[PDB]
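Some notes on the structure that comes next.
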Amino acid sequence: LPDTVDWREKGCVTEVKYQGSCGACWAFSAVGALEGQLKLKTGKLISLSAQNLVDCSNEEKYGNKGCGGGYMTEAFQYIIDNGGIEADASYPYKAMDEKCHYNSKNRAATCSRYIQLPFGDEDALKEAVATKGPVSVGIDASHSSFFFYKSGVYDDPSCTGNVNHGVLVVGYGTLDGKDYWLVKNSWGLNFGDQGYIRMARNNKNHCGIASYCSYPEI
Ligand SMILES: *C(=N)CNC(=O)[C@@H]1CN(S(=O)(=O)c2ccccc2Cl)C[C@H]1C(=O)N1CCOCC1
């Protein structure tokens with residue numbers, strides 16, 4: 001496995017999005033991972049519709065609750081079941097719960113299956129990020145050191161394994177002798193380091209980052 005990986009280098013990451021008031025982190029994380037796979041397979045870098053997931057996967061079958069929150073694995077299950085997802089250009093982001101208006105004529109991507117990585121296994125998350133592409137993860141993102149992060153490696157001892165926020169791992173590395181995960185957030189460009197955060201890697205599943213990892217397969 002390489003020492004440093006950053007999928008932005010291979011042009012497999014879209015622009016950082018802003019979820020606003022809607023609790024759609026799980027939908028941005030899911031689309032982020034699928035965008036990665038879409039680029040690696042087709043050569044197309046397209047921002048996929050988080051709104052398509054928010055409106056259409058809000059059922060008993062999935063357990064997604066739109067702006068009330070949801071799961072990356074279930075967003076992937078919706079794409080498999082639906083036979084596709086639209087691009088953000090045809091199904092724009094509203095930051096509200098709306099009635100489903102999916103149109104297969106504007107389908108931009110498909111998904112055949114998703115892979116779940118072993119709970120709390122940082123070594124398996126590292127292999128997947130390096131060899132498969134960006135990975136959807138859950139983190140405890142509830143502490144002020146996370147919200148007000150600006151640089152360096154985020155290594156807060158008040159962080160817990162009690163995850164509450166879906167993000168996207170787009171890489172890893174080591175900064176000033178501290179291993180990190182390169183995380184793409186959905187809180188706009190004005191969060192962290194241009195929408196990104198470097199979070200402690202190999203530090204006992206810090207923030208529960210390796211607890212609930214998944215990535216789709218086209
Ligand atoms: C994001 N803006 C709001 N947070 C959520 O939507 C979270 C995302 N997850 S998670 O905590 O990352 C997670 C936990 C356990 C297994 C897998 C994952 Cl991805 C869950 C979701 C959430 O808070 N809820 C509570 C309300 O019902 C839907 C799920």
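Chain lettering (A, B, ...) mirrors the order of the structure tokens, residue numbering begins at 1 for each chain separately, and ligand numbering begins at 1 in order of display.
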| request: Skip residue 88 in chain A itself and residues of its chain fewer than 6 positions away, then list as number ranges by chain all residues within 10 Å of it, counting only C-alpha atoms. | output: A: 31, 46-52, 108
| query | Within 7 Å of ligand 1, counting only C-alpha atoms and all ligand atoms: which residues, as number ranges by chain? | reply | A: 22-26, 63-65, 68-72, 137-139, 163-166, 212
Could the residues in this selection be saved with C-alpha atoms as a PDB file, in the first residue's frame?
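See result.pdb below for the written result:
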```
ATOM      1  CA  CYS A  22     -30.880  19.497   6.149  1.00  0.00           C
ATOM      2  CA  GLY A  23     -29.316  16.490   7.981  1.00  0.00           C
ATOM      3  CA  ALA A  24     -28.169  15.000   4.638  1.00  0.00           C
ATOM      4  CA  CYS A  25     -24.514  14.193   5.553  1.00  0.00           C
ATOM      5  CA  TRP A  26     -25.287  10.468   4.838  1.00  0.00           C
ATOM      6  CA  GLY A  63     -34.546   3.359   7.347  1.00  0.00           C
ATOM      7  CA  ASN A  64     -33.412   6.659   5.799  1.00  0.00           C
ATOM      8  CA  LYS A  65     -35.347   9.688   7.085  1.00  0.00           C
ATOM      9  CA  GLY A  68     -33.845  13.660   9.604  1.00  0.00           C
ATOM     10  CA  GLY A  69     -30.766  11.563   8.816  1.00  0.00           C
ATOM     11  CA  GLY A  70     -29.937   8.200   7.278  1.00  0.00           C
ATOM     12  CA  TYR A  71     -27.297   5.669   6.213  1.00  0.00           C
ATOM     13  CA  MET A  72     -24.765   5.463   3.424  1.00  0.00           C
ATOM     14  CA  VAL A 137     -17.513   6.394   6.950  1.00  0.00           C
ATOM     15  CA  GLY A 138     -19.306   7.384  10.125  1.00  0.00           C
ATOM     16  CA  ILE A 139     -17.598   9.642  12.715  1.00  0.00           C
ATOM     17  CA  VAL A 163     -20.796   8.087  15.550  1.00  0.00           C
ATOM     18  CA  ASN A 164     -23.401  10.672  14.394  1.00  0.00           C
ATOM     19  CA  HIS A 165     -22.161  12.029  11.064  1.00  0.00           C
ATOM     20  CA  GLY A 166     -21.483  10.537   7.637  1.00  0.00           C
ATOM     21  CA  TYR A 212     -19.009   1.837   9.916  1.00  0.00           C
TER      22      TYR A 212
END
```
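For the choices A:18, A:93, A:102, A:148, the atom-to-atom distance to residue 57 in chain A is smallest for A:102 when using only C-alpha atoms.
For residue 187 in chain A, the list of residues within 9 Å, based on only C-alpha atoms and with local chain neighbours fewer than 6 positions off taken out, reads residues 16, 17, 18, 19, 20, 25 and 195 of chain A.
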Any chance you could export the current selection's N, CA, C and O atoms as a PDB file, in the first residue's frame?
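Okay, again.pdb is ready:
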```pdb
ATOM      1  N   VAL A  16     -16.532  20.336  -2.881  1.00  0.00           N
ATOM      2  CA  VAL A  16     -17.100  20.203  -1.535  1.00  0.00           C
ATOM      3  C   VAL A  16     -18.483  20.824  -1.550  1.00  0.00           C
ATOM      4  O   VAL A  16     -18.655  21.925  -2.080  1.00  0.00           O
ATOM      5  N   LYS A  17     -19.476  20.099  -1.013  1.00  0.00           N
ATOM      6  CA  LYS A  17     -20.869  20.546  -0.972  1.00  0.00           C
ATOM      7  C   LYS A  17     -21.240  21.107   0.390  1.00  0.00           C
ATOM      8  O   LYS A  17     -20.512  20.908   1.362  1.00  0.00           O
ATOM      9  N   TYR A  18     -22.357  21.850   0.443  1.00  0.00           N
ATOM     10  CA  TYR A  18     -22.879  22.493   1.651  1.00  0.00           C
ATOM     11  C   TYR A  18     -24.290  21.975   1.888  1.00  0.00           C
ATOM     12  O   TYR A  18     -25.201  22.281   1.116  1.00  0.00           O
ATOM     13  N   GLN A  19     -24.456  21.152   2.930  1.00  0.00           N
ATOM     14  CA  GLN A  19     -25.751  20.560   3.259  1.00  0.00           C
ATOM     15  C   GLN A  19     -26.764  21.540   3.847  1.00  0.00           C
ATOM     16  O   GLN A  19     -27.961  21.277   3.761  1.00  0.00           O
ATOM     17  N   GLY A  20     -26.286  22.613   4.462  1.00  0.00           N
ATOM     18  CA  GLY A  20     -27.139  23.592   5.135  1.00  0.00           C
ATOM     19  C   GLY A  20     -27.883  22.962   6.298  1.00  0.00           C
ATOM     20  O   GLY A  20     -27.372  22.026   6.921  1.00  0.00           O
ATOM     21  N   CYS A  25     -25.917  14.651   5.602  1.00  0.00           N
ATOM     22  CA  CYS A  25     -24.514  14.193   5.553  1.00  0.00           C
ATOM     23  C   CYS A  25     -24.379  12.787   4.955  1.00  0.00           C
ATOM     24  O   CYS A  25     -23.471  12.553   4.183  1.00  0.00           O
ATOM     25  N   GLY A 195     -13.135  22.740   3.277  1.00  0.00           N
ATOM     26  CA  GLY A 195     -14.146  21.681   3.346  1.00  0.00           C
ATOM     27  C   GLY A 195     -13.644  20.340   3.866  1.00  0.00           C
ATOM     28  O   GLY A 195     -14.445  19.418   4.077  1.00  0.00           O
TER      29      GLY A 195
END
```
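Counting only C-alpha atoms, the residue from A:60, A:75, A:117, A:45 that sits nearest to residue 87 in chain A is A:45.
For residue 218 in chain A, the residues within 9 Å (counting only C-alpha atoms, excluding itself and residues fewer than 3 positions away along the chain) are residues 34, 37, 38, 41, 109, 110, 111, 112, 113 and 114 of chain A.
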Once you have the residues from the selection above, write them out as an mmCIF file, in the first residue's frame, restricted to N, CA, C and O atoms.
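New file out-v1.cif:
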```cif
data_model
loop_
_atom_site.group_PDB
_atom_site.id
_atom_site.type_symbol
_atom_site.label_atom_id
_atom_site.label_comp_id
_atom_site.auth_asym_id
_atom_site.auth_seq_id
_atom_site.Cartn_x
_atom_site.Cartn_y
_atom_site.Cartn_z
ATOM 1 N N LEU A 34 -19.889 7.074 -4.559
ATOM 2 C CA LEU A 34 -20.311 6.623 -5.892
ATOM 3 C C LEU A 34 -19.651 7.421 -7.028
ATOM 4 O O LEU A 34 -19.298 6.834 -8.046
ATOM 5 N N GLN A 37 -16.265 5.987 -7.728
ATOM 6 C CA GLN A 37 -16.379 4.779 -8.567
ATOM 7 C C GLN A 37 -16.788 5.121 -10.017
ATOM 8 O O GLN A 37 -16.228 4.551 -10.964
ATOM 9 N N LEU A 38 -17.716 6.103 -10.186
ATOM 10 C CA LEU A 38 -18.168 6.561 -11.503
ATOM 11 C C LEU A 38 -16.998 7.076 -12.348
ATOM 12 O O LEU A 38 -16.916 6.743 -13.528
ATOM 13 N N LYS A 41 -14.431 4.079 -13.308
ATOM 14 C CA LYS A 41 -14.993 3.224 -14.353
ATOM 15 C C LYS A 41 -15.182 3.929 -15.713
ATOM 16 O O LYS A 41 -14.750 3.386 -16.726
ATOM 17 N N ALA A 109 -25.703 7.472 -12.961
ATOM 18 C CA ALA A 109 -24.881 6.413 -12.361
ATOM 19 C C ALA A 109 -25.720 5.244 -11.884
ATOM 20 O O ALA A 109 -26.912 5.403 -11.585
ATOM 21 N N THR A 110 -25.077 4.069 -11.766
ATOM 22 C CA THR A 110 -25.715 2.850 -11.259
ATOM 23 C C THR A 110 -24.849 2.285 -10.117
ATOM 24 O O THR A 110 -23.720 2.736 -9.906
ATOM 25 N N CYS A 111 -25.371 1.271 -9.426
ATOM 26 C CA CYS A 111 -24.690 0.578 -8.348
ATOM 27 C C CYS A 111 -25.159 -0.879 -8.335
ATOM 28 O O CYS A 111 -26.371 -1.128 -8.320
ATOM 29 N N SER A 112 -24.214 -1.830 -8.363
ATOM 30 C CA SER A 112 -24.568 -3.254 -8.308
ATOM 31 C C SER A 112 -24.529 -3.809 -6.875
ATOM 32 O O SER A 112 -25.373 -4.634 -6.524
ATOM 33 N N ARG A 113 -23.572 -3.346 -6.038
ATOM 34 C CA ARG A 113 -23.430 -3.813 -4.650
ATOM 35 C C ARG A 113 -22.585 -2.870 -3.809
ATOM 36 O O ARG A 113 -21.839 -2.061 -4.343
ATOM 37 N N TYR A 114 -22.646 -3.025 -2.500
ATOM 38 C CA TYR A 114 -21.783 -2.246 -1.623
ATOM 39 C C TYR A 114 -21.005 -3.205 -0.738
ATOM 40 O O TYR A 114 -21.481 -4.310 -0.437
#
```
| Near-residue 154 in chain A list (7 Å; only C-alpha atoms; drop same-chain fewer than 6 positions) as a PyMOL selection string | chain A and resi 198-200
| task | Name all residues at most 6 Å from residue 196 in chain A (count only C-alpha atoms; drop same-chain ones fewer than 3 positions away) and give them as number ranges by chain. | result | A: 183-185, 192-193
Restricted to N, CA and C atoms, what would the selected residues look like written as a compact mmCIF listing (two decimals), in the first residue's frame?
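New file out.txt:
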```txt
# COMPACT_ATOMS: atom_id res chain seq x y z
N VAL A 183 -10.38 13.50 5.14
CA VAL A 183 -11.85 13.50 5.17
C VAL A 183 -12.49 14.71 4.48
N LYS A 184 -13.38 14.42 3.54
CA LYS A 184 -14.21 15.37 2.82
C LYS A 184 -15.51 15.50 3.59
N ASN A 185 -15.80 16.72 4.05
CA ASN A 185 -17.05 16.99 4.76
C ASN A 185 -18.07 17.62 3.82
N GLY A 192 -13.38 23.80 8.04
CA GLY A 192 -12.04 23.22 8.09
C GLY A 192 -11.03 23.77 7.10
N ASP A 193 -10.29 22.87 6.44
CA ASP A 193 -9.29 23.22 5.42
C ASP A 193 -9.91 23.04 4.01
```
Identify, on the basis of only C-alpha atoms, every residue whose closest approach to residue 98 in chain A does not exceed 9 Å; exclude the query and any residue fewer than 5 positions from it along the same chain; express the result as a tab-separated table (two decimals) with N, CA and C atoms, in the first residue's frame.
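Saved file out.tsv follows:
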```
chain	number	residue	atom	x	y	z
A	51	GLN	N	-30.01	14.99	-3.23
A	51	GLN	CA	-31.46	15.25	-3.14
A	51	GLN	C	-32.28	14.04	-3.58
A	54	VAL	N	-32.34	11.82	-0.59
A	54	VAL	CA	-33.11	12.47	0.49
A	54	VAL	C	-34.62	12.25	0.31
A	55	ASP	N	-35.12	12.49	-0.91
A	55	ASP	CA	-36.53	12.38	-1.24
A	55	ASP	C	-37.03	10.98	-1.44
A	56	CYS	N	-36.24	10.13	-2.13
A	56	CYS	CA	-36.67	8.81	-2.61
A	56	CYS	C	-36.31	7.58	-1.73
A	66	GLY	N	-34.59	11.13	5.24
A	66	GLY	CA	-34.36	12.37	4.52
A	66	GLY	C	-33.49	13.36	5.27
```
| Residue with smallest distance to residue 134 in chain A - pool A:82, A:21, A:205, A:214, counting only C-alpha atoms | A:214
